[PDB]
Number of protein chains: 2
Amino acid sequence: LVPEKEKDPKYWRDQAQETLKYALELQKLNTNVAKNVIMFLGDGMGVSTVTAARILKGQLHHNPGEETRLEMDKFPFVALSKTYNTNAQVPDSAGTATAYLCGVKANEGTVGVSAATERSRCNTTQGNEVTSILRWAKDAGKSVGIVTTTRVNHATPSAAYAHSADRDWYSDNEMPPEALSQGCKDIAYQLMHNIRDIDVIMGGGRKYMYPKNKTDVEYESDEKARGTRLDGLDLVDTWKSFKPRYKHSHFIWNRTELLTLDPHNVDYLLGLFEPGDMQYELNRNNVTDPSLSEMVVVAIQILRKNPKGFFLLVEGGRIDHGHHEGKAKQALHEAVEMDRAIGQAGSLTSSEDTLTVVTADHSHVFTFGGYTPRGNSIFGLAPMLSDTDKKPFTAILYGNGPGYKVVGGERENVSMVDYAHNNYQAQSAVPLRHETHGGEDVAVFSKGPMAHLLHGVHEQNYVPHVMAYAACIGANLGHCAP
Amino acid sequence: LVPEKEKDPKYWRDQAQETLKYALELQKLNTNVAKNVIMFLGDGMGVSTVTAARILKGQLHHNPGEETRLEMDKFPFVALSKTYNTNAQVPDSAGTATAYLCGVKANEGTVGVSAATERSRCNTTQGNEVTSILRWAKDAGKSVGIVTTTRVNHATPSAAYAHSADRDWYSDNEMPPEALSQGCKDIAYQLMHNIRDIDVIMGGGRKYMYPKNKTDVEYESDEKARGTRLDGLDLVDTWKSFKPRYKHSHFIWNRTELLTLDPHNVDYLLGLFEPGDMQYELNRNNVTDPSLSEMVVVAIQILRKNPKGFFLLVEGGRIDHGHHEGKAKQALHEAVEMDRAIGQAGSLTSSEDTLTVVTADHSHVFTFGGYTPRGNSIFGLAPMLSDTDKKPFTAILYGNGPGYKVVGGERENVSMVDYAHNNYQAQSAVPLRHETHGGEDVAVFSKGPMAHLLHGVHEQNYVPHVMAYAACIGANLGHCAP
Ligand SMILES: *[C@@H]1O[C@H](CO)[C@@H](O[C@@H]2O[C@H](CO)[C@@H](O[C@@H]3O[C@H](CO)[C@@H](O)[C@H](O)[C@@H]3O)[C@H](O)[C@H]2NC(C)=O)[C@H](O)[C@H]1NC(C)=O
Ligand SMILES: *[C@@H]1O[C@H](CO)[C@@H](O[C@@H]2O[C@H](CO)[C@@H](O[C@@H]3O[C@H](CO)[C@@H](O)[C@H](O)[C@@H]3O)[C@H](O)[C@H]2NC(C)=O)[C@H](O)[C@H]1NC(C)=O
Ligand SMILES: *[C@@H]1O[C@H](CO)[C@@H](O[C@@H]2O[C@H](CO)[C@@H](O)[C@H](O)[C@H]2NC(C)=O)[C@H](O)[C@H]1NC(C)=O
Ligand SMILES: *[C@@H]1O[C@H](CO)[C@@H](O[C@@H]2O[C@H](CO)[C@@H](O)[C@H](O)[C@H]2NC(C)=O)[C@H](O)[C@H]1NC(C)=O
Ligand SMILES: *[C@@H]1O[C@H](CO)[C@@H](O[C@@H]2O[C@H](CO)[C@@H](O)[C@H](O)[C@H]2NC(C)=O)[C@H](O)[C@H]1NC(C)=O
Ligand SMILES: *[C@@H]1O[C@H](CO)[C@@H](O[C@@H]2O[C@H](CO)[C@@H](O)[C@H](O)[C@H]2NC(C)=O)[C@H](O)[C@H]1NC(C)=O
Ligand SMILES: *[C@@H]1O[C@H](CO)[C@@H](O)[C@H](O)[C@H]1NC(C)=O
Ligand SMILES: *[C@@H]1O[C@H](CO)[C@@H](O)[C@H](O)[C@H]1NC(C)=O
Ligand SMILES: [Ca+2]
Ligand SMILES: [Ca+2]
Ligand SMILES: [Mg+2]
Ligand SMILES: [Mg+2]
Ligand SMILES: [Zn+2]
Ligand SMILES: [Zn+2]
């Protein structure tokens, strides 16, 4: 390939010098207070995923891809974070969630409780609850918002509002008899009850709000889509029942309604768009369900109204479930979508008053290599066959996962399959039903007020302490001297 | 496990707040000029590797390891860098070397020349040479030094002094006939000939300095270790012949001589401790060959004398051949050794005048996962057996390494192997003679004067432009503007 400009050294020299110029300008720091704080979480968005998603964004624009700049690559400050859990070398989504949201690391499986709480032991929850940055923001008067493509009671969003001993306790249906008897409340219940005045809530997880065997509006025929609540409660009503009557509060379940809403009119918005998790972006129906980008836009429009500010938590989410199934095309595409929503949030907010942080809870066993040439598709094959089995191999390869396919002592001859298909599973070293997480460190991109405080290699619990300090919320309100 | 201190939230909160205080203290930036510039290059040290080497270091101290802090983890500033070559999506060791040393991105295989030079096309070299930061320093009066565990003529260090159309041209013995007739000179020749006043040069690669069929001093019996220069030159003598007589210039080949040298006496040092690349740190002979840290200590002592300053290029090196051979235990120990050398250099220099940068040329398809518990050995197994083949699997798994083991249609039952052996090769998805590189981005840790300028995600060619600007060398000397 080699573009003709990339053959000339002056091109690279000017490129670096201009980057040097801006780097020198960034010595003048943004010490302003963070009126708003927005946190993007790519579930499973390791540095390997970020690079591959960069190539994909550019390749979808008929470019080689390596030289493309993701919206998160345009953030000025980058830092790594150590994801290890108190119990787990390779962490889960729940324990990490307690770290970057509540400011404390916890055991695998727990949500919003310290390491003293034992998983599935409900009687150890009491006294060990840890509040999240969401609460600190609402307690400081700011509006709060949660947007995700996974269930609203999934592990990543649940750490914002709930304090449960097990992340699997989505509704009272999944709770064991002892847990209910000890007084534990399910995650869905805690969504409406813990913090009642949560301004914006959008995402999947509809079935966990309606009583059991109740028929779902979008899929009335689906037995899976039926409600799960043994309590016989309409939590959707319970949502508005805690809201003041004089305040306009709407519940929506499909995209047509979402686009029709006027943000100046809506003071509280609850949107459950699917019984379970929302579909992948490659499988989304254009008319019925909304994309993450549009969902983030309407949220900011609603939340911008509060003069005290707002906190918004967005989760790409589905990247995790994508890597879990070994379908790199699904996961990588989800990552590009979140990047678009990050760029849109840049047009809806100002860098002077809004602190934006893009990070991930953990990495994955996703590997992308094979000495591919410049421009070679991110889902493409290696240039040469393996010296051993004389068979070609994909550039994308997983360590462990369901992509391991060995036919009778021979690895799959990939030249005859559709490896570019959306649901193709790259080869694996160890067969597993689902691919595992990764203990590697993840990146933290930060732009805005006090983003230079997210420097270097530090722990994962450190991230929310920076945001809270910049916004003058939480425990350390020293950024604004009284 | 669950450390008892980590069960209390106040522990994490205090620790995070402490990180905040120093983060704010780093708002006072280091605008001093860089008298000295030290660059550590972990050959193949991806984000997956730094985390694993972190776990290893702490575990060698009978600790869990995840909480351990590598010397590079204590650097204040981290940044990601784009490694792609002009010809290759997944880069090689040579083209990357041209970027972070000479400031321009190049084709795979070319060293010290721009993207217009074609691999093995010797007649395209003239006019396309790009100078390195090593040259800018020696042209600026500072002493210069190269320390590596690979051959002194290998790909990574060669970009410092040489401008060759092919990295395989170690000596004239490996050069094709047309290259010689077109006037191309080998790398080893260019080491002594391109830059005559290179103060310190240490590493392997003896055979490329001595005439053909000669005898290696350490191994008189090995025919492979016998010299290879068909031109019949003693490049060691060529070294001293260019050095001034009034300046003391010593050549050493074993550890006993190196530790006996007095740095106050030595003005020029050439130390070749092996015919080829030096041994792994796990197989190094204590008396004959020195560790990288020992080489760095004495090297810094010699170069510190120059009052105008010094530049030192260090390469852990053997990390790459460790990943290539699929033996993670070899590579990881190599990485920890490089980290120790970073700590040694930290006491020998001051952060006020010395800019230290640690980066990598590329990544590897090396990943570790499996939801292992806290402390589980980095070379240990997963907690549970795979649901598919009902056999255990190692935590470390390679994408496409030689570790692929199928015994009669089934992957190897690892309960029967010594996965802790130093030469064990973790399992892979695709069998190859050597494991491939990785298109993932690498980290750049920076401490010292103007280290805050290596921020965010930028290209790989940008690293030397920061160092040159801080040291007031190269084209842009505006940092010391009158
Ligand atoms: C993996 O499967 C592929 C099938 O896609 C095998 O490669 C295929 O090889 C056949 C012959 O071996 C090729 O068909 C024809 O071969 C003759 C050679 O005499 C030639 O006249 C034709 O031009 C044509 O190539 C076929 O094209 C080729 N397919 C591809 C996609 O390359 C491959 O051998 C299998 N690998 C192993 C290790 O079994
Ligand atoms: C992978 O290798 C391991 C280790 O050789 C195999 O596990 C071994 O399986 C045998 C079955 O013949 C076990 O023997 C049985 O053990 C229990 C008590 O341990 C007892 O109920 C029986 O009387 C019988 O002796 C053996 O202990 C076990 N070894 C270890 C170390 O766990 C495993 O089967 C191999 N997997 C495959 C798929 O071949
Ligand atoms: C709406 O979604 C449908 C299907 O999900 C898309 O329709 C495709 O349109 C392209 C050309 O635009 C055709 O090649 C495909 O065959 C169509 N597929 C189907 C199943 O109808 C449509 O592009 C989407 N519209 C958007 C995203 O605005
Ligand atoms: C999405 O949801 C709205 C929910 O109201 C649906 O619109 C309703 O349609 C029924 C009859 O089907 C009418 O009686 C209601 O008045 C409508 N509601 C509103 C607010 O207009 C709508 O059908 C759905 N849109 C899609 C794409 O399914
Ligand atoms: C020199 O290297 C040797 C390894 O060759 C180290 O001594 C080894 O100690 C272990 C510990 O049980 C023994 O298994 C080996 O047999 C020993 N080998 C030899 C050759 O003594 C020794 O500690 C090293 N010394 C230093 C100063 O690093
Ligand atoms: C390393 O190098 C030194 C010098 O090359 C070696 O010391 C020599 O030892 C021999 C005996 O084998 C003597 O005849 C020479 O006079 C010594 N040279 C000097 C300059 O003193 C030494 O043998 C080597 N050490 C090792 C472990 O190989
Ligand atoms: C709660 O649970 C366990 C029994 O599962 C028991 O150790 C203990 O007595 C109870 N209380 C606390 C505070 O853990
Ligand atoms: C360089 O190399 C080849 C030698 O085979 C020849 O075609 C050509 O004349 C030369 N090209 C240039 C630009 O010197
Ligand atoms: Ca829907
Ligand atoms: Ca030796
Ligand atoms: Mg999630
Ligand atoms: Mg090398
Ligand atoms: Zn996760
Ligand atoms: Zn390399």
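Reading the values: the criteria
Residues numbered from 1 in each chain as written, not as in the entry; some residues may be left out. Chains lettered and ligands numbered in written order. Heavy atoms only, no water. Residues with missing side-chain atoms left out of burial classes, pairs and counts. Helix = DSSP H or I, 4+ residues; strand = E, 2+ residues; numbered from the N terminus. Rg over C-alpha atoms; globule rule 2.2 N^0.38 Å. Contact = heavy atoms within 4.5 Å. Buried < 20%, exposed > 50% of the residue type's maximum accessible area, 1.4 Å probe, protein only. UniProt positions renumbered as here; feature names shortened; annotations may be inferred. Disulfide = S-S within 2.5 Å. Salt bridge = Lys/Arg side-chain N within 4 Å of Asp/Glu carboxyl O. 1 Å grid on protein atoms, 1.4 Å probe; cavity = no way out; pocket = protein on both sides within 12 Å on 5 of 7 lines; lining within 4 Å. Points joined across faces, edges and corners; volume = space filled by probe spheres on them. Buried area = accessible area lost by both parts, 1.4 Å probe. Polar contact = N/O pair within 3.5 Å; in protein donor to acceptor, adjacent residues only side chain to side chain. Least-squares fit on C-alpha atoms. Near = heavy atom within 4 Å. Areas by Shrake-Rupley, 256 points an atom, 1.4 Å probe, with all protein chains shown as cover. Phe/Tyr/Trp six-rings, centres within 6.5 Å; stacked < 30°, edge-to-face > 60°. Donors = N, O, S within 2.8 Å, 3.2 Å for Na, K, Ca; no water. Pairing = 2+ DSSP bridges. Core = buried A, V, L, I, M, F, W, Y, C linked by side-chain atoms within 4.5 Å. Domains from an automatic or database assignment. Axes fitted to C-alpha atoms, helices over the stretch in contact; angles between N-to-C directions. Parallel < 35°, antiparallel > 145°, perpendicular 65-115°, else oblique.

Looking at the entry header, you'll see X-ray crystallography listed as the method and 3.35 Å as the resolution.

Student: Tell me about the overall build of chain A, and please be specific about residues and values.
Tutor: Helices and strands together make up the secondary structure of chain A, namely 13 helices and 18 strands. Its C-alpha radius of gyration of 23 Å places chain A within 12% of the 23 Å reference for a compact globule of 482 residues. With respect to the principal axes defined by its C-alpha atoms, chain A has extents near 65 × 60 × 45 Å. Long-range pairs, those at least 24 residues apart, make up 71% of the contacts in chain A with a sequence separation of at least 6.

Student: Can you tell me about the side chain of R206 of chain B, naming the residues and giving the values?
Tutor: Residue and element names in this part refer to chain B. Tracing the backbone through its elements, the reader meets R206 in the loop between β4 (200-204) and α8 (235-242). On the accessibility criterion, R206 (1% relative accessible area) is buried. Once you skip the residues sitting within four places of it in the chain, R206 turns out to touch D216, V217, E218, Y219, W253, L272, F273, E274 and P275.

Student: With reference to specific residues and values, describe the UniProt feature "active site" in chain A.
Tutor: All names here are of chain A. The sites that carry the UniProt feature "active site" are, in the present numbering, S93. By secondary structure assignment, the location of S93 is in helix α3 (residues 93-102). Apart from residues no more than four positions distant in its own chain, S93 is found in contact with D43, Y100, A155, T156, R167, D320, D361, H362 and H437.

Student: Now, about the state of the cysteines: what can you tell me, with residues and values included?
Tutor: According to the stated counting rule, one finds four disulfides over all chains in the structure shown. The side chain of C122 of chain A participates in a disulfide bridge whose partner is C184 of chain A; the two sulfur atoms lie 2.0 Å from each other. Judged by the torsion about the S-S bond (105 degrees), the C122 of chain A/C184 of chain A disulfide is right-handed. A residue pair is termed long-range when its members are at least 10 positions apart, and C122 of chain A in the loop between α3 and α4 (133-139) and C184 of chain A in the loop between α6 (177-181) and α7 (187-193) qualify at 62 residues. The two residues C122 of chain A and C184 of chain A agree in class, both being buried. What pairs with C472 of chain B in a disulfide is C480 of chain B, and their sulfur atoms sit 2.0 Å apart. Torsion about the S-S bond of the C472 of chain B and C480 of chain B cystine: about 110 degrees, corresponding to right-handed handedness. Using a relative accessible area of 38% as the deciding quantity, one classes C480 of chain B as partly exposed. Sequence-ordered numbering of the bonded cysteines in chain A gives a pairing of 1-2, 3-4. The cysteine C102 of chain B is free of any disulfide, with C184 of chain B supplying the nearest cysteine sulfur at 16 Å.

Student: Talk me through the pattern of salt bridges; I want residue IDs and the actual numbers.
Tutor: Applying the stated criterion to the full structure yields 57 salt bridges over all chains. A salt bridge links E66 of chain A to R374 of chain A, with the nearest nitrogen and oxygen atoms 2.9 Å apart. In this pair, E66 of chain A is assigned in the loop between α2 (47-59) and β2 (77-82) and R374 of chain A in the loop between β10 (366-368) and β11 (396-398), connecting sequence segments 308 residues apart. For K327 of chain B, the salt bridge is made with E325 of chain B, and the minimal N-O distance between the two is 2.8 Å.

Student: Explain empty space enclosed by the protein residue by residue, including any values.
Tutor: Its boundaries defined by the atoms lining it, the largest cavity holds a volume of some 260 Å³. Forming the boundary of the largest cavity are 23 residues, of which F77 and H452 of chain A together with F77, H452 and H455 of chain B lie nearest the centre. When contributions to the lining of the largest cavity are tallied by element, the ones reaching two or more residues are β2 of chain A together with β2 (77-82) of chain B.

Student: I'd like a rundown of the interface of chain B and chain A, residues and numbers included.
Tutor: Listed by partner, the interface residues are 110 residues for chain B and 108 residues for chain A. For the chain B and chain A pair, buried surface summed over both sides reaches about 8,800 Å², with 62% attributable to carbon and sulfur atoms. Considering only the surface of chain B that becomes buried against chain A, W12, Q89 and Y371 of chain B emerge as the three largest contributors, covering 9% of it. Remark: the boundary between chain B and chain A carries three salt bridges. The salt bridge partner of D441 of chain A is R54 of chain B, with a shortest N-O separation of 2.8 Å. Inspection of the chain B/chain A interface yields 42 residue pairs in polar contact.

Student: Before we move on, could you go through the relation of the copies chain B and chain A and cite the residues and values that matter?
Tutor: When chain B is fitted to chain A, the best match, at an RMSD of 0.3 Å, comes from turning it 180 degrees and sliding it 0.1 Å along the axis. When the rotation and shift are considered jointly, the pair of chain copies conforms to a two-fold rotation axis.

Student: Could you give an account of the site of ligand 7, with specific residues and numbers?
Tutor: Residue and element names in this part refer to chain A. Taken together, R121, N123 and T124 form the complete shell of residues around ligand 7. Taking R121, its side chain carries an N or O atom lying 2.8 Å from an oxygen atom of ligand 7. Between ligand 7 and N123 there is a distance of 2.5 Å, counted from an oxygen atom to a side-chain nitrogen or oxygen. For ligand 7, whose unbound accessible area comes to 360 Å², protein coverage reaches 30%.

Student: Help me get a handle on the packing of aromatic side chains, residues and values and all.
Tutor: Residues and elements named next belong to chain A. Enumeration over the complete set of coordinates arrives at seven aromatic pairs over all chains. Taken together, a centroid distance of 5.5 Å and an interplanar angle of 45 degrees make the contact between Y170 and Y208 tilted. Taken as a pair, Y170 in the loop between α5 (155-161) and α6 and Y208 in the loop between β4 (200-204) and α8 (235-242) lie far apart in primary sequence, 38 residues in all. This pair shows no difference in class: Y170 is buried, exactly as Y208 is.

Student: Account for the coordination of the zinc ion (ligand 13), naming residues and giving values.
Tutor: Ligation of the zinc ion (ligand 13) by protein atoms is provided by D43 of chain A (OD), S93 of chain A (OG), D320 of chain A (OD), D361 of chain A (OD) and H362 of chain A (NE2), these donors lying 2.0 to 2.6 Å from the ion. Each donor residue of the zinc ion (ligand 13) belongs to the same chain, and together they define the spacing D-x49-S-x226-D-x40-D-H.

Student: Explain the environment of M209 of chain B to me, and be specific about the residues and the numbers.
Tutor: Residues and elements named next belong to chain B. With respect to the element layout, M209 can be found in the loop between β4 and α8. Linking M209 and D418, residues 209 residues apart in sequence, is a C-alpha distance of 40 Å. Excluding anything up to four places from it in sequence, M209 contacts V152, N153, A188, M192, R229, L233, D234, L235, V236 and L272.

Student: Outline the side chain of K327 of chain A, listing residues and values.
Tutor: Residue and element names in this part refer to chain A. Topologically, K327 is positioned in the loop between α11 (318-324) and α12 (328-348). For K327, a relative accessible area of 14% puts it in the buried group. Setting aside anything within four residues of it in sequence, one finds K327 in contact with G322, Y398, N422, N423, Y424 and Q425.

Student: Explain the pairing of β2 of chain A to me, using residue names and the numbers behind them.
Tutor: The side chains of a regular strand alternate, residue by residue, between the two faces of the sheet. Residue and element names in this part refer to chain A. Among the six residues that make up β2, six are buried, leaving the element largely enclosed by the rest of the structure. Of the two faces of β2, both are covered, the one formed by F77, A79 and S81 as well as the one formed by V78, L80 and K82. In this sheet, strand β17 (residues 442-447) lies alongside β2 in antiparallel orientation, the contact comprising five bridges. Bridge assignment links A79 to a residue of β17, and that residue is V444. Pairing analysis gives three bridges linking β2 to strand β18 (residues 457-459), with the strands arranged parallel. Residue pairing in the sheet places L80 in a bridge with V457 of β18.

Student: Before we move on, could you go through the nonpolar core and cite the residues and values that matter?
Tutor: Formed by 124 residues in total, the largest nonpolar core has its most connected members in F40, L312, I396 and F445 of chain A together with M202, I396 and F445 of chain B. Residues from two domains meet in this core; each of domain 1 (32-365 + 443-480) and domain 2 (377-435) of chain B gives at least three. Leave out the neighbours within four places in its chain, and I396 of chain A touches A328, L332, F366, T367, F368, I378, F379 and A426 of chain A. Among the nonpolar cores identified, the runner-up in size contains 68 residues, and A159, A188, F251 and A451 of chain B belong to it.

Student: Could you give me a rundown of the packing of helix α2 (residues 47-59) of chain B against helix α12 (residues 328-348) of chain B, with the residues and numbers involved?
Tutor: A packed helix pair is summarised by two numbers, namely the angle formed by the two axes and the spacing between the axes. All names here are of chain B. Between α2 and α12, the shortest axis-to-axis distance is 9 Å and the interhelical angle comes to 80 degrees. With respect to each other, α2 and α12 are oriented roughly perpendicular. Seen from α2, the contacting residues are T49, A52, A53, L56 and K57; seen from α12, they are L332, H333, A335, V336 and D339.

Student: How would you sum up the coordination of the zinc ion (ligand 14)? Please name residues and give values.
Tutor: Residue and element names in this part refer to chain B. Only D43 (OD), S93 (OG), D320 (OD), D361 (OD) and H362 (NE2) from the protein reach the zinc ion (ligand 14) as donors, at distances of 2.0 to 2.6 Å. Each donor residue of the zinc ion (ligand 14) lies on one chain, and together they are spaced D-x49-S-x226-D-x40-D-H. A distance of 4.8 Å spans the gap from the zinc ion (ligand 14) to the magnesium ion (ligand 12), which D43 bridges by coordinating each metal. Of this pair, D320 sits in helix α11 (residues 318-324) while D361 sits in the loop between β8 (354-359) and β9 (363-364), and the two are 41 residues apart along the sequence.

Student: Can you explain the UniProt feature "binding site: Zn(2+) 1" in chain A? Please cite residues and give values.
Tutor: All names here are of chain A. Under the present numbering, the feature "binding site: Zn(2+) 1" in UniProt falls on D43, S93, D361 and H362. In terms of the greatest pairwise C-alpha distance, the residues named above, spread along 320 residues, form a tight cluster of at most 7.6 Å across. Along the chain, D43 turns up in the loop between β1 (36-41) and α2. Residues within four places of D43 in sequence aside, it is in contact with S93, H154, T156, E315, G317, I319, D320, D361 and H362. The contacts of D361, once residues within four sequence positions are left out, are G42, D43, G44, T83, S93, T96, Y100, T156 and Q460. Engagement of the side chain of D361 in a polar contact is seen with the backbone nitrogen of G44, the distance being 3.1 Å.

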